[PDB]
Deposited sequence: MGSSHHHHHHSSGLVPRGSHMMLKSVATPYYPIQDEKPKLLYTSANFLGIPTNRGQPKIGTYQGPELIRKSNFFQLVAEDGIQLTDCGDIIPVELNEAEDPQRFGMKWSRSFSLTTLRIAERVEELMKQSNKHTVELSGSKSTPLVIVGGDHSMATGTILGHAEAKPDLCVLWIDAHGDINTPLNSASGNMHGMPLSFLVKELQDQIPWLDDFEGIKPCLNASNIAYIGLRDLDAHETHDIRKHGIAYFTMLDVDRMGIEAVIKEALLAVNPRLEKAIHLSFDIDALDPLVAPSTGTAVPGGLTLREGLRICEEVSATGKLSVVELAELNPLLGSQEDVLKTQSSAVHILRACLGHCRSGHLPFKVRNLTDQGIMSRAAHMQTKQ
């Protein structure tokens, strides 16, 4: 059989300074420890583990609050380290070779999209999330960076981003028109304001309920990738899925996507042939029971396999086995 993607790269980013619950740094390990790699090879894909990006984690004294942001210099230093590594991987990829990134809290997305856009400036972004993650710093109630990662990247938002020297190299590489959200159900007011003002395509769980996921996917792809010309950066927050199916995550919100709805998003996005980067964020194996962690891990693996082209309707074998070749008598043969 033929594959859309025959090889793929894998990268861990154990960010944990974007939100205060310890454990998202164990995200990549949660996936490495799974049968993910084995299942992908069983499908005929050559998957290369490119290791982990080491985040910059400064101490309290070196990284005081600034404009309410917690760990903002850790954030900016990490953003640039991430961007550099992703850019480098995406350029040696130039059948494309998708990069699979396992986080880590969602604050990594500023860095991953930054680097990705360097290699492929024309990209679009599909943001699968219960949350907007597009708070500008003075509007954030939490001061957690994992709630702001897109705001630094969107050109139309720059008049609401306070200036900092160490953020200078974080160049806004996205237009509002290049992003589509699926799964929203917990926007902060100011996000709603920005999303509506600048016309960012979004499809909330309400849209998913009224339209159905099949149409929502079609609409999202239509909105930001009409003729499949652009590379896709698929940013998948695990908390988009329902807590019944992904409990081990920092900010669970009831009424989420079913696993199946999530698989459909990924299957469709994979099948475009334009999946350039997929990142899975906000796994925290330190949250919930042991069985919660397994449910979450399992959901992540199915989700990630779908992204690489796994087909729930089955895969043909590489060589068809035949009974005679082993010198073995078949029942049909025997009946003579």
{"item": "Deposited positions without coordinates, collected into consecutive stretches in sequence order", "value": "1-37, 132-140, 383-385"}
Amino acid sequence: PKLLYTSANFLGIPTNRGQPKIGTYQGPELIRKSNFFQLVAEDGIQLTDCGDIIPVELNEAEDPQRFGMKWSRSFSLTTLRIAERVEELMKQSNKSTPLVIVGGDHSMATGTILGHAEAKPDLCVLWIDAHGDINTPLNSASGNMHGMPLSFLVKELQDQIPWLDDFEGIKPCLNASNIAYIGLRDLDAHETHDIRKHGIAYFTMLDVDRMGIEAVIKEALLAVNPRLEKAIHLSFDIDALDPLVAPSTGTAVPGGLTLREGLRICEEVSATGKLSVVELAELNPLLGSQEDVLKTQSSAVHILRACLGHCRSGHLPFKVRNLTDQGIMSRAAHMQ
From here on, numbers count along this sequence of modelled residues.
query: Higher-B stretch (mean Cα B-factor, as the entry records it), 187-195 or 84-92; finding: 84-92
query: Between 39-47 and 275-283 (mean CA B-factor, as deposited), the higher; finding: 39-47
query: Top residue by Cα temperature factor, when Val253, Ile101, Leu157, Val208 are compared in the entry; finding: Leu157
query: Out of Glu214, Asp105, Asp129, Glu229, residue topping the C-alpha B-factor column of the entry; finding: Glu229
query: Ranked C-alpha temperature factor of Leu316 among modelled chain residues, by third; finding: highest
query: Cα B factor band for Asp122 (lowest, middle or highest third within the chain); finding: highest
query: For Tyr181, the third of its chain into which the C-alpha B factor falls; finding: lowest
query: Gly18 - which third its CA temperature factor falls in, relative to the rest of the chain; finding: lowest
query: Ranked C-alpha temperature factor of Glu267 among modelled chain residues, by third; finding: lowest
